[PDB]
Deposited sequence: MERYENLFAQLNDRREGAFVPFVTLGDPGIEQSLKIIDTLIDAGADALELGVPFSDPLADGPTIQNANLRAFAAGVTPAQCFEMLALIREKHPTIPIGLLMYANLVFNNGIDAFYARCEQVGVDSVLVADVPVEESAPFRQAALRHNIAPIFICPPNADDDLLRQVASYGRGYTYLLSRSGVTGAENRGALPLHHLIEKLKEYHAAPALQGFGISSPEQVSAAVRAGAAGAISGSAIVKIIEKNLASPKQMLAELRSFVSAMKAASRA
């Protein structure tokens, strides 16, 4: 949790926005993904957005690669093993974190080195169990703040959230919501666009996932290298 804090510290001491690239865990298969992340990281990535099994095809891909919920936590540890600073975010669905006990899950998260977790299907109105269990094990509960947002919704995500807000920018600040992170970013223009917009950074969802599927037969990395490098540079200032 405090990992994000740190990131938003050195990031500000450099008057530059954060660029968190998302990707599916063990998408291509396993070793490749373990590499993509390596590259994404040294390519410029400040934080990380790893989803557990376009995005759809990503899952289908991974699945066909024997990626059990246990195989990822292995990667999550491995990754963290080489990168003790880069923050790691997790994208999940209620059932998965609910499956074998809610706490058990979050507890296992603190054990691997995960910093924040966002349950795509858990609205602020049904997050208590997930929120507490997350805080308890020192994990930042990230909540999504969509367009049809409200004042109370804005107040709820600013109070319950932590680590960073998944994106207003003025009210979210007025409410003291963790550094909002804007997430339709595919060109360096949008990256810098958000920074200036007021967002502490941006997230490139499927945007990067494509670069991975448009070279499936050509182990691509160079494309990710540049793609990220560019995006990153755009955030600087």
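Residues of the deposited sequence lacking C-alpha coordinates fall in the stretches 54-62, 177-195, 212, 249-250, numbered from 1.
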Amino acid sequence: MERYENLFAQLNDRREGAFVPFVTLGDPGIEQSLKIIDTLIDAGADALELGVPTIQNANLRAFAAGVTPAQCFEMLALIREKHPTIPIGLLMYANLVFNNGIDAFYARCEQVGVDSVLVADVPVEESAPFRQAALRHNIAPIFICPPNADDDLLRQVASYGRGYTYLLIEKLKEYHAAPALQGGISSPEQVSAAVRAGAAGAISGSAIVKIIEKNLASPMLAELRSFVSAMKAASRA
From here on, numbers count along this sequence of modelled residues.
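Here, rigid core means the biggest group of C-alpha atoms that superpose within 1.5 Å across both forms.
Relative to the shown model and aligned on the rigid core, the C-alphas in 8 other deposited structures of this protein deviate most, among 92-100 and 157-165, for 92-100.
In summary, of the stretches 37-45 and 184-192, 184-192 shows the greater Cα distance from the shown form in 8 other deposited structures of this protein, with structures fitted on the rigid core. The deposited model assigns a higher average Cα B-factor to 68-76 than to the other stretch when 68-76 and 109-117 are compared. When the C-alpha B-factors of 209-217 and 21-29 are averaged, 209-217 comes out higher. Looking at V191, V52, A62, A177, the one whose CA carries the top B-factor in the deposited record is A62.
Which of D103, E126, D151, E81 has the largest Cα B-factor in the deposited entry comes down to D151. When the modelled residues of the chain are ordered by C-alpha B-factor, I185 sits in the highest third.
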